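Accompanying notes for the structure given below.
Cβ placement follows ideal geometry from the backbone for every residue including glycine, while neighbour counts extend to all protein chains displayed. Every number in this text was worked out from the coordinates using simple rules, so none of it is lab data.
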Amino acid sequence: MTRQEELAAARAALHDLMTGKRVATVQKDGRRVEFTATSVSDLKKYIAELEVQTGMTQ
C-alpha cells in the first residue's frame, strides 16, 4: 500500500544529503537505497521517482 514512503522519507535525508545529510541507507521490499554526497544527485532522481510513488494507495 504505502512502502515507498518510508524511503521517500529517506529522500528527505537525501535532499538533505546535498547539504545537511551526508549518507542515506534504507531497506525496502525490492530495492536498496544506500547513498552518500556523491551520487545523491542521481539518486535524488531515483528517490524522486520513489517520492512520487509514495502513498500509492492514498
Q: Filter segment 23-58 down to residues that are basic (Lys, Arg) and surrounded by 13 or more Cβ atoms within 10 Å (Cβ to Cβ) and give me whichever is nearest to the chain's Cα centre (by Cα).
A: 44
(Q) surrounded by fewer than 16 Cβ atoms within 10 Å (Cβ to Cβ) and at positive phi: is that true of residue 20 in this structure? (A) no
Q) Restricting attention to segment 4-39, which residues are charged (D, E, K, R), within 20 Å of residue 57 (Cβ to Cβ) and touching a helix residue (DSSP H, G or I) at 6+ places or on another chain (Cβ under 7 Å)? A) 11, 28
Q. Which one is surrounded by the fewest Cβ atoms within 10 Å (Cβ to Cβ) among residues in segment 1-17 that are assigned to a loop (DSSP other than H, G, I, E, B) and not β-branched (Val, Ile, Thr)?
A. 1
Q: Considering only residues that are assigned to a loop (DSSP other than H, G, I, E, B) and among the β-branched types (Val, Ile, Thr), look in segment 23-58 and name the one that is farthest from residue 8 (Cα to Cα).
A: 38
Q: Starting from segment 3-20, take each residue that is touching a residue at least 40 places away in the same chain (Cβ under 8 Å) and within 10 Å of residue 48 (Cα to Cα) and list its partners that are surrounded by 15 or more Cβ atoms within 10 Å (Cβ to Cβ) and of a type in the set (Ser, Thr, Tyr), counting only C-beta distances under 6 angstrom and pairs at least six apart or across chains.
A: 8/54
